[PDB]
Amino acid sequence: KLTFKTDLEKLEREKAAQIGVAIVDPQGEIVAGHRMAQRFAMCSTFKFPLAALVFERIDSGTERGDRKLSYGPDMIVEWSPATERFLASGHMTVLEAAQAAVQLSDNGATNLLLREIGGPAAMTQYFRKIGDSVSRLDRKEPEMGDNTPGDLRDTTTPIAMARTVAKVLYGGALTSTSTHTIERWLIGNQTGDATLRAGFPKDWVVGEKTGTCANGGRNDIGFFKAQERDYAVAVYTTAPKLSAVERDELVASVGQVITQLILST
């Protein structure tokens, strides 16, 4: 823990980075953090809470998971791998889109869901409903990831987002069935193999959602189980000078710092 602070500050100094971290227990009590209340662009990490919103609607009966969402070529935006494959068929279901958003970071799928649920305003309203007064979605993809220096649009803080993760996975925000499904989606995420989970012990159960945005943003949020201890984690980083591979390695390095702290308990 001053090993934790010290090691993160050395990474910041050496990589010319800012590293925001919060680790909380299942009830949201603080385990560790660093720059934990500094705002960072969310970029694709918001797709996890978006999926949670969708599952809340499914739980409540105001959405159906197998409902077909129709679209054309105008919905294809940069990095829409599933949406592009399903384009000729003319639709994705709510659940197909949500799973693609979480596991592939599919932007088109994300925007399909945004239009169904009420846009950025409704995403922000869900954050407020589950006790998160900080996280805000202002735009759809891909402009939400512009990350213009100083802009508070489309931001969160590590602590706010870690607490949101814990509410969704551990705090009863979703039914048991929906909670389990989203947990499995996070475990099976296809975009995180080089980021946080690359820095955790291989026996920990880990699920996460990555983000990449302009001006150096590289993020990863999710959960881990170190044997029986469950945690929620949010990592937001800004490293304008690094290459993309170096930013992945940065986040994996944060995972190793986290791991030293957890192992010490």
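Numbering starts at 1 and follows the sequence shown. In this text, rigid core is short for the largest set of C-alphas that superpose within 1.5 Å between two forms.
Chemist: Return whichever of 221 to 229 or 25 to 33 has the larger RMS Cα deviation from the displayed form in 5 other deposited structures of this protein, where every structure is aligned on the rigid core.
Modeler: Of the two stretches, the larger average C-alpha offset in 5 other deposited structures of this protein falls on 221 to 229.
Chemist: In the PDB record, does 9 to 17 or 252 to 260 carry the higher mean Cα temperature factor?
Modeler: 9 to 17 has the higher mean C-alpha B-factor.
Chemist: Tell me which stretch, 119 to 127 or 185 to 193, has the higher mean Cα B-factor listed in the entry.
Modeler: Going by the record's values, the stretch with the higher mean is 119 to 127.
Chemist: In the PDB entry, which of 148, 164, 93, 111 has its C-alpha at the highest B-factor?
Modeler: Out of 148, 164, 93, 111, the record gives the largest C-alpha B-factor to 148.
Chemist: Using the entry's values, work out which of 133, 105, 178, 155 has the largest Cα B factor.
Modeler: Comparing C-alpha B-factors across 133, 105, 178, 155, the maximum falls on 133.
Chemist: Mind checking which third residue 221 falls in for C-alpha B-factor across the chain?
Modeler: It falls in the bottom third of the chain.
Chemist: When the deposited Cα B-factors of this chain's modelled residues are ordered and cut into thirds, is residue 37 in the lowest, the middle or the highest one?
Modeler: Residue 37: CA B-factor falls in the middle third of its chain.
Chemist: Would the CA B-factor of residue 228 place it in the lowest, middle or highest third of its chain?
Modeler: Ranked within chain, residue 228 CA B lands in the highest tercile.
Chemist: Splitting the chain's C-alpha B-factors into thirds, which one does residue 203 fall into?
Modeler: Within its chain, residue 203 is a middle-third residue by C-alpha B-factor, going by the deposited values.
Chemist: Compare the C-alpha B factor of residue 76 with those of the other modelled residues in its chain, then answer lowest, middle or highest third.
Modeler: Its C-alpha B-factor, which the entry lists for residue 76, ranks in the middle third among residues of this chain.
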